[PDB]
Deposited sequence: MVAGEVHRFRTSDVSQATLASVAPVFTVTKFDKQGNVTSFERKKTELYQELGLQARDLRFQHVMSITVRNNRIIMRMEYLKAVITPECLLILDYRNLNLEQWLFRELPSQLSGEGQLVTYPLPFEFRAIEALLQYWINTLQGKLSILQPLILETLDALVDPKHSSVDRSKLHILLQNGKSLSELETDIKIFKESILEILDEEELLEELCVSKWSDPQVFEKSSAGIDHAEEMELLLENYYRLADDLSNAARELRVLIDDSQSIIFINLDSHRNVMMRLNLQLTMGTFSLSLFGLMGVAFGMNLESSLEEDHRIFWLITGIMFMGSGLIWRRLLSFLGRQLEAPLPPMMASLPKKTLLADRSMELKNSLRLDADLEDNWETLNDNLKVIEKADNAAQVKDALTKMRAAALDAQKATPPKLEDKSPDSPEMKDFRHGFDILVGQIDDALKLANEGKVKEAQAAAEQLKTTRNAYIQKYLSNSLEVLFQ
């Protein structure tokens, strides 16, 4: 079966149509070729035969002087935007300005929503992790943080490509003149308006990129602080363990002393209890003094 395109068409007045059409018929209707309607690039804005071709991550659009076409809209939850919002926007400037503004605004709003969803989750996770009241931290939250960081990196890449394309178009004026397809087809400055639009969207994308970068550096700083806190807790607990081990060693030493003096043999000292009491007292007090002196020695270090 020959491949087909599921297209939805918007007119100047805002009227909407939807259908499916063969690629060859689409090429014949327009002045394009299969080389153009291939959509091999993640982000692209191009002009061919007075027709504008735009592609986002998943949005494919063709703009003509008298109509707009969205291709492959099925299974992408675009119905609300297509059948409820776009007609209002499209209903003195030409059609190209309105269409380009609508598409760019949609993409920018999508990116803003992504960032606004990502920010609070990361902030809450970092606030929970940095809490110095716990010697350990949860790991499910760490996995969540990793996934959200991956999503943030993808968002940063998308913003970067958006800005790159917009700036590449802005620098040259030939492309700016090309975007005015209506005047070329059927011959106030259009160039100024297009420059204003592109500059506005470029600045918005730059703001988003700065916010994402700030979030990433915050993540890194939080990771470093987490490392420091864990190391400090380790050192505290090891100090306590050493302090207890000193006492254990002293106790074992004097227990060996007592055991050796208390063998089941003859020592010529079983007829006196004063010696026994003296040994008990001296062993206990010496345990105490040795423990204290070892504590002081550790403190000296």
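- Coordinate coverage of the deposited sequence is interrupted at 1-21, 113-120, 217-225, 340-486, where no C-alpha atom was modelled.
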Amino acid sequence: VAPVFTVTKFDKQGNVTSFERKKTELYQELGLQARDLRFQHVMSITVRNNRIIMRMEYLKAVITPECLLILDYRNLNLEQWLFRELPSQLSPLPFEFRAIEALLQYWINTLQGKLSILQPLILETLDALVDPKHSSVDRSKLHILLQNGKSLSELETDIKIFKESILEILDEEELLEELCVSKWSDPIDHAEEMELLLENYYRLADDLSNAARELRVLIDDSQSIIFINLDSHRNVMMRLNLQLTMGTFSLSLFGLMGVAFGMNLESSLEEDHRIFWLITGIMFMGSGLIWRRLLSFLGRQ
From here on, numbers count along this sequence of modelled residues.
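So that the term is clear: the rigid core is the largest set of C-alpha atoms that superpose within 1.5 Å between two forms.
- Choosing between 261-269 and 34-42, the greater Cα displacement from the shown form in 8 other deposited structures of this protein, fitted by the core, goes with 261-269.
- When the other structures are laid on the shown form by the rigid core, the stretch among 137-145 and 188-196 with the greater C-alpha deviation in 8 other deposited structures of this protein turns out to be 188-196.
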